[PDB]
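K.L.:
Sharing a structure below in structure tokens format, with a few things to ask.
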Amino acid sequence: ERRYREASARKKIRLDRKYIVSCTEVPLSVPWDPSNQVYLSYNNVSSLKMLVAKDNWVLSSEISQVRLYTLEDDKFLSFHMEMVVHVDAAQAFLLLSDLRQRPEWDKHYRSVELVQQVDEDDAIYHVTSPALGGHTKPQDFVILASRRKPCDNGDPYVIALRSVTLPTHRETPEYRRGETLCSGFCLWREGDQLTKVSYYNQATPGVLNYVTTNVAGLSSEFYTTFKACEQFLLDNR
């Protein structure tokens, strides 16, 4: 309603003012080296856990028991979605770990190609996303997906996502080369057939405007795309 439209747009303008200066000070994509595969996979998963462990997360919104947290770092904007689903965490882990089945429920992943299967729990994908507001071209990503099972009780299943570079899939004029610093899921066992599904996205300069629109409340594509995940997991029990 009017009362919310006006105050929301004010919040969006402030966030743009703060993050107009995008961010090399931090490295988005990293060279892929089969020799450093174990550390690229370790640093990938380690980064996501440290993001979860940060303390200055602030709640922005809640809709039908689906929360939305945000974190205003000095250089980049991070958000995080929380949700509880009625599926076993182990089952949700196998579904959310294969990005090839992610276009089936996420509007933001148009196509997904598997470039190289490093090992059991690590792989390199080639992702393409539709053109967001203000572009004629879709943008593509070269992402390393690393998954790890929880070590102890209470620790989460982790699926990590980081952009990398490969000499075989270099930037092409048909797509815009996007780059995400660190994203992925975190799944907790909240009980028998219960799972707290969490999506984290640390930084993606190629979609800043898109994010600040959802955080301010002027849009609801995060919630739509995230409840589609809830519906994607429930059907595979």
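Lettering and numbering for the structure tokens are positional, with chains as A, B, ... in the shown order, residues counted from 1 in each chain, and ligands counted from 1 in the shown order.
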What parts of region 35-88 of chain A does DSSP call helix (DSSP H, G or I)? I'd like the answer as a ChimeraX atom specification.

P.N.:
/A:35-53

K.L.:
Going by DSSP on the backbone, which residues of region 108-198 of chain A come out as strand (DSSP E)? List them as JSON, numbers by chain.

P.N.:
{"A": [111, 112, 113, 114, 115, 116, 122, 123, 124, 125, 126, 127, 128, 129, 139, 140, 141, 142, 143, 144, 145, 146, 147, 148, 157, 158, 159, 160, 161, 162, 163, 164, 165, 176, 177, 183, 184, 185, 186, 187, 188, 189, 190, 191, 194, 195, 196, 197, 198]}

K.L.:
Fewer than 4 positions away in the same chain doesn't count, so skip those; otherwise give me all residues within 12 Å of residue 84 (chain A), counting only C-alpha atoms, as a PDB file with N, CA and C atoms, in the first residue's frame.

P.N.:
```
ATOM      1  N   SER A  64       5.289 -15.620   5.587  1.00  0.00           N
ATOM      2  CA  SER A  64       4.850 -17.008   5.705  1.00  0.00           C
ATOM      3  C   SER A  64       5.953 -17.870   6.314  1.00  0.00           C
ATOM      4  N   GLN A  65       6.563 -17.347   7.377  1.00  0.00           N
ATOM      5  CA  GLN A  65       7.575 -18.070   8.140  1.00  0.00           C
ATOM      6  C   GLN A  65       8.836 -18.325   7.320  1.00  0.00           C
ATOM      7  N   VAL A  66       9.097 -17.470   6.335  1.00  0.00           N
ATOM      8  CA  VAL A  66      10.348 -17.472   5.584  1.00  0.00           C
ATOM      9  C   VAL A  66      11.038 -16.144   5.856  1.00  0.00           C
ATOM     10  N   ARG A  67      12.207 -16.202   6.479  1.00  0.00           N
ATOM     11  CA  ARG A  67      12.911 -14.999   6.889  1.00  0.00           C
ATOM     12  C   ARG A  67      13.905 -14.562   5.818  1.00  0.00           C
ATOM     13  N   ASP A  88      13.865 -34.711   4.693  1.00  0.00           N
ATOM     14  CA  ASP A  88      15.073 -35.089   5.412  1.00  0.00           C
ATOM     15  C   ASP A  88      16.265 -34.316   4.861  1.00  0.00           C
ATOM     16  N   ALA A  89      17.125 -33.843   5.767  1.00  0.00           N
ATOM     17  CA  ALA A  89      18.261 -33.025   5.355  1.00  0.00           C
ATOM     18  C   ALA A  89      19.146 -33.764   4.359  1.00  0.00           C
ATOM     19  N   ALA A  92      17.440 -33.565   0.923  1.00  0.00           N
ATOM     20  CA  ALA A  92      17.600 -32.220   0.383  1.00  0.00           C
ATOM     21  C   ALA A  92      19.034 -31.970  -0.057  1.00  0.00           C
ATOM     22  N   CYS A 186      23.038 -24.057   3.155  1.00  0.00           N
ATOM     23  CA  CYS A 186      23.403 -24.658   4.435  1.00  0.00           C
ATOM     24  C   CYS A 186      22.168 -25.359   4.980  1.00  0.00           C
ATOM     25  N   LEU A 187      22.260 -26.670   5.171  1.00  0.00           N
ATOM     26  CA  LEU A 187      21.131 -27.484   5.603  1.00  0.00           C
ATOM     27  C   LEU A 187      21.405 -28.046   6.991  1.00  0.00           C
ATOM     28  N   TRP A 188      20.452 -27.859   7.899  1.00  0.00           N
ATOM     29  CA  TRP A 188      20.521 -28.402   9.247  1.00  0.00           C
ATOM     30  C   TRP A 188      19.441 -29.461   9.439  1.00  0.00           C
ATOM     31  N   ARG A 189      19.749 -30.466  10.257  1.00  0.00           N
ATOM     32  CA  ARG A 189      18.751 -31.452  10.670  1.00  0.00           C
ATOM     33  C   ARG A 189      18.003 -30.884  11.868  1.00  0.00           C
ATOM     34  N   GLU A 190      16.803 -30.366  11.625  1.00  0.00           N
ATOM     35  CA  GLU A 190      15.954 -29.851  12.688  1.00  0.00           C
ATOM     36  C   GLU A 190      15.052 -30.925  13.285  1.00  0.00           C
ATOM     37  N   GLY A 191      15.283 -32.191  12.945  1.00  0.00           N
ATOM     38  CA  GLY A 191      14.447 -33.275  13.417  1.00  0.00           C
ATOM     39  C   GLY A 191      14.231 -34.330  12.354  1.00  0.00           C
ATOM     40  N   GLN A 193      12.667 -35.776   9.377  1.00  0.00           N
ATOM     41  CA  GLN A 193      11.927 -35.252   8.234  1.00  0.00           C
ATOM     42  C   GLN A 193      11.771 -33.737   8.284  1.00  0.00           C
ATOM     43  N   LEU A 194      12.633 -33.051   9.030  1.00  0.00           N
ATOM     44  CA  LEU A 194      12.629 -31.597   9.101  1.00  0.00           C
ATOM     45  C   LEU A 194      14.018 -31.083   8.756  1.00  0.00           C
ATOM     46  N   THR A 195      14.064 -29.972   8.027  1.00  0.00           N
ATOM     47  CA  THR A 195      15.327 -29.409   7.573  1.00  0.00           C
ATOM     48  C   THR A 195      15.197 -27.898   7.481  1.00  0.00           C
ATOM     49  N   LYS A 196      16.122 -27.184   8.119  1.00  0.00           N
ATOM     50  CA  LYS A 196      16.230 -25.736   7.963  1.00  0.00           C
ATOM     51  C   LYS A 196      17.108 -25.466   6.747  1.00  0.00           C
ATOM     52  N   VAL A 197      16.483 -25.102   5.633  1.00  0.00           N
ATOM     53  CA  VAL A 197      17.201 -24.783   4.406  1.00  0.00           C
ATOM     54  C   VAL A 197      17.604 -23.316   4.450  1.00  0.00           C
ATOM     55  N   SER A 198      18.854 -23.035   4.087  1.00  0.00           N
ATOM     56  CA  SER A 198      19.389 -21.681   4.110  1.00  0.00           C
ATOM     57  C   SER A 198      20.158 -21.416   2.828  1.00  0.00           C
ATOM     58  N   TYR A 199      19.884 -20.281   2.197  1.00  0.00           N
ATOM     59  CA  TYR A 199      20.634 -19.841   1.030  1.00  0.00           C
ATOM     60  C   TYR A 199      21.408 -18.586   1.400  1.00  0.00           C
ATOM     61  N   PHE A 226      12.389 -18.815  -3.746  1.00  0.00           N
ATOM     62  CA  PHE A 226      12.793 -19.655  -2.626  1.00  0.00           C
ATOM     63  C   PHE A 226      11.680 -20.603  -2.199  1.00  0.00           C
ATOM     64  N   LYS A 227      10.417 -20.181  -2.298  1.00  0.00           N
ATOM     65  CA  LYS A 227       9.321 -21.110  -2.048  1.00  0.00           C
ATOM     66  C   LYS A 227       9.162 -22.112  -3.185  1.00  0.00           C
ATOM     67  N   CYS A 229      11.795 -23.510  -4.375  1.00  0.00           N
ATOM     68  CA  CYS A 229      12.709 -24.525  -3.864  1.00  0.00           C
ATOM     69  C   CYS A 229      11.987 -25.435  -2.880  1.00  0.00           C
ATOM     70  N   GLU A 230      11.267 -24.840  -1.925  1.00  0.00           N
ATOM     71  CA  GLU A 230      10.488 -25.633  -0.981  1.00  0.00           C
ATOM     72  C   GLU A 230       9.569 -26.600  -1.711  1.00  0.00           C
ATOM     73  N   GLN A 231       8.946 -26.144  -2.800  1.00  0.00           N
ATOM     74  CA  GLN A 231       8.080 -27.023  -3.576  1.00  0.00           C
ATOM     75  C   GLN A 231       8.886 -28.044  -4.367  1.00  0.00           C
ATOM     76  N   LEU A 233      11.665 -29.514  -3.314  1.00  0.00           N
ATOM     77  CA  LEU A 233      12.128 -30.558  -2.408  1.00  0.00           C
ATOM     78  C   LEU A 233      10.986 -31.466  -1.966  1.00  0.00           C
ATOM     79  N   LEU A 234       9.798 -30.897  -1.741  1.00  0.00           N
ATOM     80  CA  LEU A 234       8.680 -31.684  -1.233  1.00  0.00           C
ATOM     81  C   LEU A 234       8.246 -32.760  -2.220  1.00  0.00           C
TER      82      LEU A 234
END
```

K.L.:
I want to know what sits within 12 Å of residue 174 (chain A), based on only C-alpha atoms, with residues of the same chain fewer than 2 positions away left out; could you give that as a compact mmCIF listing (two decimals) with C-alpha atoms, in the first residue's frame?

P.N.:
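Final output, saved to out-v3.txt:
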```
# COMPACT_ATOMS: atom_id res chain seq x y z
CA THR A 128 23.75 -18.89 -17.84
CA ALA A 131 19.03 -10.70 -18.61
CA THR A 136 19.83 -7.06 -23.55
CA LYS A 137 22.31 -9.94 -23.07
CA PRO A 138 22.10 -12.83 -20.60
CA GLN A 139 25.13 -13.28 -18.36
CA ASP A 140 27.05 -16.49 -17.71
CA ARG A 170 36.67 -17.71 -21.66
CA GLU A 171 34.32 -14.74 -21.93
CA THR A 172 32.29 -14.74 -25.14
CA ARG A 176 28.09 -11.15 -20.03
CA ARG A 177 30.65 -12.72 -17.69
```

K.L.:
Counting only C-alpha atoms, which residue out of A:9, A:105, A:167, A:232 sits closest to residue 31 (chain A)?

P.N.:
A:167

K.L.:
Go through A:222, A:32, A:185, A:76 one by one, measure the shortest atom-to-atom distance of each to residue 206 (chain A) using only C-alpha atoms, and give the residue with the smallest value.

P.N.:
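That would be A:76, the residue with the smallest distance to residue 206 (chain A).
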
K.L.:
Restricting the calculation to only C-alpha atoms: of A:210, A:19, A:157, A:223, which residue gets closest to residue 132 (chain A)?

P.N.:
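Of A:210, A:19, A:157, A:223, the one nearest residue 132 (chain A) is A:210, counting only C-alpha atoms.
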
K.L.:
Could you state the separation of CA of residue 203 (chain A) and CA of residue 219 (chain A) in Å, given to one decimal place?

P.N.:
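CA of residue 203 (chain A) sits 19.2 Å away from CA of residue 219 (chain A).
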
K.L.:
Restricting the calculation to only C-alpha atoms, which member of A:82, A:1, A:192, A:122 is positioned closest to residue 39 (chain A)?

P.N.:
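Looking at the shortest contact to residue 39 (chain A), the residue is A:122.
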
K.L.:
Could you tell me which of A:161, A:112, A:77, A:218 comes closest to residue 18 (chain A) if we count only C-alpha atoms?

P.N.:
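Comparing A:161, A:112, A:77, A:218 against residue 18 (chain A), the winner is A:77.
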
K.L.:
Any idea what the distance is between CA of residue 184 (chain A) and CA of residue 201 (chain A)?

P.N.:
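Interatomic distance here is 6.7 Å.
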
K.L.:
Mind checking which residues fall within 6 Å of region 56-61 of chain A, counting only C-alpha atoms, ignoring those fewer than 5 positions away in the same chain, and posting them as a list in words?

P.N.:
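Here the qualifying residues turn out to be residues 67, 68, 69, 70 and 71 of chain A.
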
K.L.:
Go ahead and compute the interatomic distance for CA of residue 207 (chain A) and CA of residue 116 (chain A), in Å to one decimal.

P.N.:
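Value for the CA of residue 207 (chain A)-CA of residue 116 (chain A) distance: 26.2 Å.
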
K.L.:
Name the closest residue to residue 156 (chain A) among the candidates A:211, A:90, A:182, A:123; distances are taken between atoms, counting only C-alpha atoms.

P.N.:
A:90
